[PDB]
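Whatever order the structure lists them in is the order used to number ligands and atoms, beginning at 1. A, B, ... follow the sequence lines: proteins, then strands. Residue 1 opens every chain. Both backbone and side-chain heavy atoms feed into the values below; hydrogens, waters and symmetry mates do not.
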Amino acid sequence: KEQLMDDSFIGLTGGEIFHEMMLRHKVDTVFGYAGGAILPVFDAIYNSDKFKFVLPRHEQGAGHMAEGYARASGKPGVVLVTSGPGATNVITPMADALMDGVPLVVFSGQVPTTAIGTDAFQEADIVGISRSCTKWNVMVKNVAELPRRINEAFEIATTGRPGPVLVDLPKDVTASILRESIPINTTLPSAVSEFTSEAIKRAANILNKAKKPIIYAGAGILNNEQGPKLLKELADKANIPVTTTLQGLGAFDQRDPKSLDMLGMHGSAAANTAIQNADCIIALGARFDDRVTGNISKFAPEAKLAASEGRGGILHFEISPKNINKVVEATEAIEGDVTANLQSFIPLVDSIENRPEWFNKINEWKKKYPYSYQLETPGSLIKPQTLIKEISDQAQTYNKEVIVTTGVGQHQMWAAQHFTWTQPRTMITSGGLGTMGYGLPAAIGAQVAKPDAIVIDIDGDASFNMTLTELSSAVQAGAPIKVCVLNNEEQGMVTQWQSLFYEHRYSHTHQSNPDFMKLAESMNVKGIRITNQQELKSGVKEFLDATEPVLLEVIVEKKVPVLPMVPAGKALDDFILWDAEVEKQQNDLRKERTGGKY
Amino acid sequence: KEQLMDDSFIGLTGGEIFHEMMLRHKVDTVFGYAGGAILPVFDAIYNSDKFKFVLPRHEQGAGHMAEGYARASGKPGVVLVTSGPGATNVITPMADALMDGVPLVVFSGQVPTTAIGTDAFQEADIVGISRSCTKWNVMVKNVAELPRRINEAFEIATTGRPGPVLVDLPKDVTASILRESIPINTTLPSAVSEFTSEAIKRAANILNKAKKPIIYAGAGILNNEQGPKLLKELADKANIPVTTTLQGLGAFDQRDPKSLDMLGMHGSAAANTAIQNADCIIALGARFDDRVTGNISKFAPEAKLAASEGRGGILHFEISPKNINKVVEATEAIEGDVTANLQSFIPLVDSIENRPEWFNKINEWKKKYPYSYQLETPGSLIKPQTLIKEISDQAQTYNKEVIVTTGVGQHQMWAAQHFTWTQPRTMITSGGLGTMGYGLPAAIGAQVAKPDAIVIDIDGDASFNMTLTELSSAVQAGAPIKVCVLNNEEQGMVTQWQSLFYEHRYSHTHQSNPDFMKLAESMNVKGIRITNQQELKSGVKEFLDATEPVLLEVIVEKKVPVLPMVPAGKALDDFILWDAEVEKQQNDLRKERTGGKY
Amino acid sequence: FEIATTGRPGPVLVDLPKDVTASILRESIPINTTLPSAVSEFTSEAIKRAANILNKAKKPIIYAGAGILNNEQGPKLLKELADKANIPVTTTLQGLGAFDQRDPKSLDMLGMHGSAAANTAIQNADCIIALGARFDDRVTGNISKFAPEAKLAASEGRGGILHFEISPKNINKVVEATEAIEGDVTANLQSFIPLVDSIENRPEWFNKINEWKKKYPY
Ligand SMILES: Cc1cc2nc3c(=O)[nH]c(=O)nc-3n(C[C@H](O)[C@H](O)[C@H](O)COP(=O)(O)OP(=O)(O)OC[C@H]3O[C@@H](n4cnc5c(N)ncnc54)[C@H](O)[C@@H]3O)c2cc1C
Ligand SMILES: Cc1cc2nc3c(=O)[nH]c(=O)nc-3n(C[C@H](O)[C@H](O)[C@H](O)COP(=O)(O)OP(=O)(O)OC[C@H]3O[C@@H](n4cnc5c(N)ncnc54)[C@H](O)[C@@H]3O)c2cc1C
Ligand SMILES: Cc1cc2nc3c(=O)[nH]c(=O)nc-3n(C[C@H](O)[C@H](O)[C@H](O)COP(=O)(O)OP(=O)(O)OC[C@H]3O[C@@H](n4cnc5c(N)ncnc54)[C@H](O)[C@@H]3O)c2cc1C
Ligand SMILES: CCCOc1nn(C(=O)NS(=O)(=O)c2ccccc2C(=O)OC)c(=O)n1C
Ligand SMILES: CCCOc1nn(C(=O)NS(=O)(=O)c2ccccc2C(=O)OC)c(=O)n1C
Ligand SMILES: Cc1ncc(Cn2c(C)c(CCOP(=O)(O)OP(=O)(O)O)sc2=O)c(N)n1
Ligand SMILES: Cc1ncc(Cn2c(C)c(CCOP(=O)(O)OP(=O)(O)O)sc2=O)c(N)n1
Ligand SMILES: [K+]
Ligand SMILES: [K+]
Ligand SMILES: [Mg+2]
Ligand SMILES: [Mg+2]
């Protein structure tokens, strides 16, 4: 019994116990902001050399920083905030983390247990509020159960589909001293079923019949280091073209001939065409989000027909049962970690040297469906697509890893389309919730996770405006991030929809921008401004060559649609393609309708 | 039956119906930010001349702006945002509004009803999330019930204790067209009980026995235009000294001899002394918050004794039954609007010409307990207390109303203490939740509510850093707000607690500031910087004389405590007072302990 | 009362504090509160599409449930449809009585303990007309193996599942509907039936049906 109890924490405050448990969980970075309720914990971590503390300007900043840290490192991102407004300010990042499967462990101070439920000073019901945007939350009620709750939080956050958890820490608990022994298992952090094994064999048999297979890969494949390796091994062995979600970008080397690029609403029309014509869809760590499937009832016709005929269908490798058969019926559901299950799957799959007819179609679709757009003309502004390509081409010249974060909007889609993705965890973007303001703090967090990487925030001007105060935080953290603001002086993605569906009635979608160069100067950040085509190359080089935080502003063409586009309600292969004459007519119509204002 | 049904909305979209209902509710200002889910409503309000639309940089900005608008105008503040991150970004303002009793009506876009519950693109469970930080919320499920839900929202927000409500608007509902007639009562917006009348008579009898009465007045008295008038009438008739909460500032003219100033943790020791010695406490629209009562079991000893002896006690005029007998037992509870009940109360109260002994004590306590502090010395930095006085004195010179907003921290308390408050709805500050970042957007909203007022944001540097992007919003809205940043390069209120309780261990409470003058310039805002004593007067004058948005930065003394102070756990009259020698010793100790760093 | 009786009917609870029910009304109230209380383009198109699908069917079956009972004309229209297009009818446990079981077209109850003839017929039908039924797990059997012939028909554009359902929550909850017809099933049948082609005989289908009934008594 003495062997099962631990007394080594006796005499410590809850705060000191928190500090010790952080260490035992190999936490090397904490993002947070002080306040009254969380003071006992802040006193305990005072001048700690055991981890780096990152101080934002706003707790939303801390949340998104921790998300960026988590996406870049594969470790849980740890947040430490005070009660009340400190806690409610992390709600958007928690909801963000939930939608995108990001392991976020949020510790929020709380008013003393004697004051809870009295509408106390700086008291929020954060457990109630955050219940719908966490995998799990808890309020620690005494110091003896604090190690257990910390263990549970980290475990739940990082297993299954990763996600945010919140642990509420009353001030009197974290100030109290442990007087009793606790189970030694709480002071320490932490086979394939017959059913799954049979499903795997059945799925392999199905794939071995396929004549038009396609791999549809997502974020799940990134949650294991061997993930991308096994994905490639499968695609090579069975000779299968690979498409990814926005969140799967980097899982497959896009320079590979088998790469179909990104699928979905703004993905490649070649990818969208191929998945609509495939007889076998291998879904690896992807959840069939509504940005990807198009009109659900019209999605994957050829795979549905194949399943009914016993010669194909959908093979879904998914770790979370909630997401199995949620949107589309899986022909075979393979539950568990996709990477681990691929190890069992692949040796049952027949090696295939050639698929002449399938790959003839694939290669034809790729040739006819590039990411085309209207090029610059003499005197015109820089096109946003051209800027992205310029940044992508120059960024590879360096002998360093390149990590990209984005805001939300057109710039995000163009970044997705026009970068060439080759490495896992290099696309760090808000996809499920789609939070503007994400780009800058996510970049700081990723840069902290990866001090030797080039970290680039491709940001819209409206998105960037939302959290631009965190520039100071990059300087204070020593994070030499590279922010590129595409200045089109509009909420481009909304105006695209207003041009398309509301007859060019731009309702409150043009916000005023600060002078970004003077803003950078005020934040002690290097500033670069590119205003014309002739400055593009040299401007981007100065940007990438910088060894300090740097803000690049680029003046880009306004009222330019992201294409291709699958409009809401349309089948995944019923897309709009770029056309020069159509664009010209669209400009004329916009000009007349707005009286030349746009 | 034809007389009871209305068909006048038939043929309109939900968005157009929303627009019409705004008008019928006399909404003249909407604060919001666009996005996909709320596009049908934005299309409907496109180029509306029926109200002013205010566009922030961040939806939290919209929320706090609407709060400031609501506090300044007495009208509900209306917020219009999109789904997902648009909605979760308003959570802190809603929680803020709930704690401070602010009528906030939040309209959030939602994904189409066909997509709800599928983890859809930009879908948040905002009804679930916001349940604990709203009086009430609802999701509109068809267009026919949209007028009814809007009516209910405005009614609930503005009656009882005012508070935030949220109305969730699915995109397909707001895009759908009304095809059927609806009850005409839903297309149009909207005696004292025997029990209360008897309680009033009993309370009057109790007051007529009192020898040491005191009025404890709060935000409730401000929720009626006749409120301050009746408060004064009562105090004059029965010869009663008046103290207010932070949220009650302006309810009573502080230049009146009867004024005891603010009570509580950082209120006047004279006020705190008087309430601890009063035999009759008349609580008018105040909720006995824990910042005000001190140690609850030791609060109001003389009033408790008087009640037990049938010659005094606590008379609580409260509109919300939840807040009656929540913290302290009321001797008599008078339910309902305090102003309306005062009309019945006052004529039952005996007129009193003099209370020689009580007012002798009062006047002695006022003389011995001023808001004393260490004055400037030659070459020293400006003291934050002196700056507030300078701003207060000069601001009265103008023939205009003066409205003050604040951030949260020491500057907030010094603003409360050292301004002279004389008019209702001139103190607009976050008290219950205590949200940093509140000051700037609240000022913009108040300035929009009151275009002819001088609106001053007394802000801390850390608070201001949290939402400083909204400077651009002030320019774009044409709101000539006056922001004064007290730059002490610290989170002063937290460092005060760290000096006091954690032996000068300043754990992560010193954030780096931008260059505020270059920041202002980048935002197209006038900038003034005061760095020494000799510039104080002329700097503040330039600040107040400006006719454009203006940012004043003042370099102020660091590591200065707010005094008086009732430490947590101490009786309301067991306070710390300012002492010159103590301050000097405290400085020496801080200097040695930090090795001269502080 | 309104919420309880509209949409899919269900329970509601109203909590009545004693002081409220003892208190006396002192103020006037909106007169609309003292008194109790068209087909969308989208649904109308779905109905036409569903009728086209049924007119192609060679092995149709009606799967009828409690919803058809929530209108007095329900059973009448169910019979009118089955008679016009010559369609065998099976019901859930909760649909019993919706169709006269003495009728030759009756397949009796389907499901875990239903007629093996009914269960056989629904597994072999190319068109399933679901009328006010929610595909409960007592009825579908193994979901992934349910209605193979209807799934194949949908993929081939010659059949599928036509779901007449009043509650959107229950549409595409368990099985994908080829066409979803939202609203009251009885009201929608009035629009549906005249678009359906009259059929006098289905010799091969009903030969199978009658054989299954003979070999699968209780
Ligand atoms: C403006 C905008 C436009 C967008 N347009 C597109 C678009 O055109 N194309 C596109 O693809 N996206 C687009 N999105 C993003 C989209 O909304 C989703 O965020 C994204 O598609 C989801 O990708 P995912 O399924 O791979 O990742 P996730 O949403 O994270 O889902 C991963 C799935 O894998 C599972 N999983 C996790 N770990 C494991 C494991 N170890 N083993 C097995 N399974 C696991 C998860 O449970 C989950 O089911 C857009 C976003 C925005 C803001
Ligand atoms: C750093 C900091 C320090 C603070 N220190 C202090 C301090 O020293 N002193 C201090 O006073 N505050 C202080 N506070 C603020 C404090 O937390 C509360 O916000 C404030 O005291 C509440 O004042 P109130 O009761 O008047 O207003 P409210 O919290 O709004 O309560 C008003 C009450 O009146 C009721 N009411 C509303 N309308 C009516 C009506 N028409 N008729 C009748 N009743 C009505 C309400 O239901 C409620 O019960 C501090 C805040 C911060 C951030
Ligand atoms: C021991 C036991 C064994 C059972 N075994 C069987 C079995 O073998 N076979 C069997 O059938 N059942 C069986 N059940 C019952 C089964 O669990 C379900 O209760 C039943 O099958 C549901 O039938 P239903 O879908 O018709 O009715 P409901 O569950 O009431 O569903 C009716 C559907 O129609 C919709 N609807 C309602 N009104 C309308 C309207 N006006 N217009 C359009 N749609 C409407 C509803 O929203 C709902 O989706 C068994 C129960 C028990 C206790
Ligand atoms: C109004 C002054 C603001 O400064 C502070 N007040 N304060 C505290 O008041 N700390 S506290 O344990 O005794 C407390 C008691 C009752 C209700 C709430 C709290 C609380 O945790 O507030 C954060 C606290 O810890 N700080 C820093
Ligand atoms: C990924 C592109 C982002 O741009 C937009 N997408 N979008 C929409 O997709 N609008 S939508 O009605 O058909 C929709 C359908 C399913 C799930 C969610 C939504 C939604 O409301 O998203 C906001 C929409 O309205 N906009 C502006
Ligand atoms: C916090 C928040 N508010 C609103 C939205 C809605 N929204 C808005 C307003 C977009 C326009 C973004 O503008 P941008 O300048 O950042 O980028 P682009 O001009 O390249 O589109 S995109 C989008 O989904 C959002 N995603 N997040
Ligand atoms: C959003 C948020 N985070 C944290 C806190 C906790 N907190 C903090 C960090 C304060 C210091 C404020 O610093 P300041 O510079 O704005 O003002 P002073 O220096 O005058 O105190 S005051 C306070 O309550 C808070 N109130 N709100
Ligand atoms: K690419
Ligand atoms: K004062
Ligand atoms: Mg833009
Ligand atoms: Mg400060």
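- For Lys558(B) and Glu490(B), the salt-bridge test fails: no basic side-chain N is under 4.0 Å from an acidic carboxylate O.
- Between the side chains of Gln60(A) and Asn89(A), no donor N or O sits under 3.5 Å from an acceptor N or O.
- When every heavy atom of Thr88(A) is checked against every heavy atom of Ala95(B), the shortest pair comes out as CG2-CB, 4.3 Å.
- Contacts between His58(A) and ligand 7 below 4.0 angstrom, taking non-hydrogen atoms only, are absent altogether.
- Judged by distance alone, the side chains of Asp100(B) and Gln247(B) do bring a donor and an acceptor atom under 3.5 Å apart.
- Remark: ligand 1 atoms within the under-4.0 Å shell around heavy atoms of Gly218(A) are 26 (O).
- No N or O atom of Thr82(A) sits closer than 3.5 Å to an N or O atom of ligand 7.
- Under the 4.0 Å criterion applied to side-chain N and carboxylate O atoms, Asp119(A) and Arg287(B) are not assigned as salt-bridge partners.
- Contacts with ligand 1 closer than 4.0 Å are made by side-chain heavy atoms of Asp289(A) only, the backbone lying farther away.
- Close N/O approach between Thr245(A) and ligand 1 is found [any backbone or side-chain N/O within under 3.5 Å].
- Looking at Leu246(A) against ligand 1, both its backbone and its side chain come within 4.0 Å, counting heavy atoms.
- Some N or O of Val338(A) is nearer than 3.5 Å to an N or O of ligand 1, by distance alone.
- Taking a cut-off of under 4.0 Å to the non-hydrogen atoms of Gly336(A), the atoms of ligand 1 that pass are 42 (N), 43 (C).
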Practice prompt. Check the pair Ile458(B) / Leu486(B) against side chain to side chain contact (heavy atoms under 4.5 Å, CB included), numbers first and verdict last.
Written response: CA-CA 8 Å; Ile458(B) 304 289; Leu486(B) 285 75; 3.8 Å; yes
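- At a 3.5 angstrom cut-off on N or O pairs, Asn223(B) counts as close to ligand 2.
- Only the side chain of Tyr33(A) comes within 4.0 Å of ligand 7, counting heavy atoms alone; its backbone N, CA, C and O stay farther away.
- Residue, atom and distance of the protein heavy atom nearest to atom 3 (N) of ligand 7 are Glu59(A) OE2, 2.7 Å.
- Of the protein's non-hydrogen atoms, the one nearest atom 22 (S) of ligand 7 is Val408(B) O, 3.8 Å.
- Under the 3.5 Å distance criterion, with hydrogens and angles disregarded, no donor-acceptor pair is assigned to the side chains of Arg57(A) and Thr467(B).
- Donor-acceptor pairing under 3.5 Å is recorded for the side chains of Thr429(B) and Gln412(B).
- When only modelled atom types and interatomic distance are considered, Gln511(B) and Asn513(B) share a side-chain donor-acceptor pair under 3.5 Å.
- Counting heavy atoms closer than 4.0 Å to ligand 7, residue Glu490(B) contributes backbone atoms (N, CA, C, O) but none from C-beta onward.
- The shortest heavy-atom distance from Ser430(A) to ligand 1 is under 4.0 Å.
- Ligand 7 has no N or O atom lying under 3.5 Å from any N or O atom of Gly86(A), backbone or side chain.
- Considering both main-chain and side-chain atoms, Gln491(B) never comes within under 3.5 Å of ligand 7 through any nitrogen or oxygen pair.
- Using a 4.0 Å cut-off to heavy atoms of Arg161(A), the atoms of ligand 1 that qualify are 28 (P), 29 (O), 30 (O), 31 (O), 46 (C), 47 (O), 48 (C).
- The N/O atoms of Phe121(B), backbone and side chain alike, include none that comes under 3.5 Å of an N/O atom in ligand 1.
- Residue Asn224(A) places no heavy atom under 4.0 Å from ligand 1.
- Looking at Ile458(B), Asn487(B), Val494(B), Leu39(A), it is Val494(B) that brings a heavy atom closest to atom 10 (C) of ligand 7.
- For the pair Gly101(A) and ligand 1, no heavy-atom separation below 4.0 Å is found.
- There is a side-chain donor-acceptor pair under 3.5 Å between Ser499(B) and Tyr506(B).
- Two rings, from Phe288(B) and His316(B), have their centers less than 6.0 Å apart.
- The side chain of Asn89(A), and not its backbone, has at least one atom closer than 4.0 Å to an atom of ligand 7 (non-hydrogen atoms only; side chain from C-beta on).
- When each atom of ligand 1 is checked for a heavy atom of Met413(A) under 4.0 Å away, the hits are 2 (C), 3 (C), 4 (C), 5 (N).
- In terms of polar-atom proximity, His266(A) is counted as a contact of ligand 1, with an N or O under 3.5 Å from an N or O of the ligand.
- With a 4.0 Å cut-off on non-hydrogen atoms, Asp459(B) does not touch ligand 7 at all.
- Atom 7 (N) of ligand 7 has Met436(B) SD, 3.9 Å as its closest protein atom, hydrogens excluded (heavy atom only).
- Note on ligand 2: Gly409(B) sits outside its first shell, no heavy atom being nearer than 4.0 Å.
- Residue contacts with ligand 7 for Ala34(A) involve N, CA, C or O but no side-chain atom from C-beta outward (heavy atoms, distance under 4.0 Å).
- With a 4.0 Å heavy-atom cut-off, ligand 7 is reached by the side chain of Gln122(A) but not by its N, CA, C or O.
- Checked by atom type, the side-chain pair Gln498(B)/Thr509(B) shows a donor-acceptor distance below 3.5 Å.
- Using a 4.0 angstrom heavy-atom cutoff, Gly434(B) counts as in contact with ligand 7.
- Taking every heavy atom of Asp337(A) and a limit of under 4.0 angstrom, the matching atoms of ligand 1 come to 40 (C), 41 (N), 42 (N).
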